[PDB]
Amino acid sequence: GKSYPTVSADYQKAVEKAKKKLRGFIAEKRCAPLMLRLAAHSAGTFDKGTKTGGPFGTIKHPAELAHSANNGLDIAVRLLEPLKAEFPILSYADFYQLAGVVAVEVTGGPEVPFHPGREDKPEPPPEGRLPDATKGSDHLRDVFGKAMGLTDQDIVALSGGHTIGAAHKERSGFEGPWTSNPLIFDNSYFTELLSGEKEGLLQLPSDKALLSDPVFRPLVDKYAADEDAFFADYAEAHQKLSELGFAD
């Protein structure tokens, strides 16, 4: 359903150079998970019915950073500002989505296709569109399905993004990594979810909801058994998420 806009050759050159600078920066700073969260949070405010929110640069606004669900993302925005300044031609919207794609790549994940041309929009979406980690499958479908327009497959695949990173008691209140290797992108999020709760690892109520849902569970099983299948479905879902409201 996508018709990607034309951008100048200079814009394309900047995308390519910024991608490389982002790899080095994100790897050195060890901030891939935070950058993936920034990109996803960013994108996850899209409401299909109204065509509002989405990955349009608004997360840099103090007003959106102040949203409770975005606790700690001000760190991400600050970290990227010096690099962003080297690429004045790029929209923030594109830059943050490129950072999310790079975060996945430099931790060993799939190569998520990237298309430039998102415009920076003036108005942040209203607060309260991002999902509540204490809720379950009905809520997940309300947010990913009814608002964003993503599929049940996309929900489970994207949940696997938690294979990198950790919660912080000072941010959400939850604490700790989902996996034993929080800077490695692999299917361990699903392996861990299946094995039960191991000491030192985190499972949110929203993660556990995947295990008991008739549609979500076979997907968890598939991804735990087949990392290639996870990578394919993840790449599809991340691309879709990063393009919500963009190019149709």
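Residue positions are given as counts along the sequence shown, with the first one as 1.
Legend: mean Cα B-factor per stretch from the PDB entry, 211-219 versus 176-184; the higher mean is in 211-219. Here the stretch with the larger average CA B-factor, out of 90-98 and 136-144, is 136-144. Based on the entry's C-alpha B-factors, the most elevated value among 129, 118, 171, 78 belongs to 129. Among all modelled residues in this chain, the alpha-carbon of residue 37 has a temperature factor (C-alpha) in the lowest third.
Ranked against the other modelled residues of its chain, the C-alpha B-factor of residue 247 as given in the entry falls in the highest third. In this PDB entry, residue 226 carries a Cα temperature factor that places it within the highest third of its chain's modelled residues.
When the modelled residues of the chain are ordered by C-alpha B-factor, residue 152 sits in the middle third. In the PDB entry, residue 123 places in the highest third of its chain by CA B-factor.
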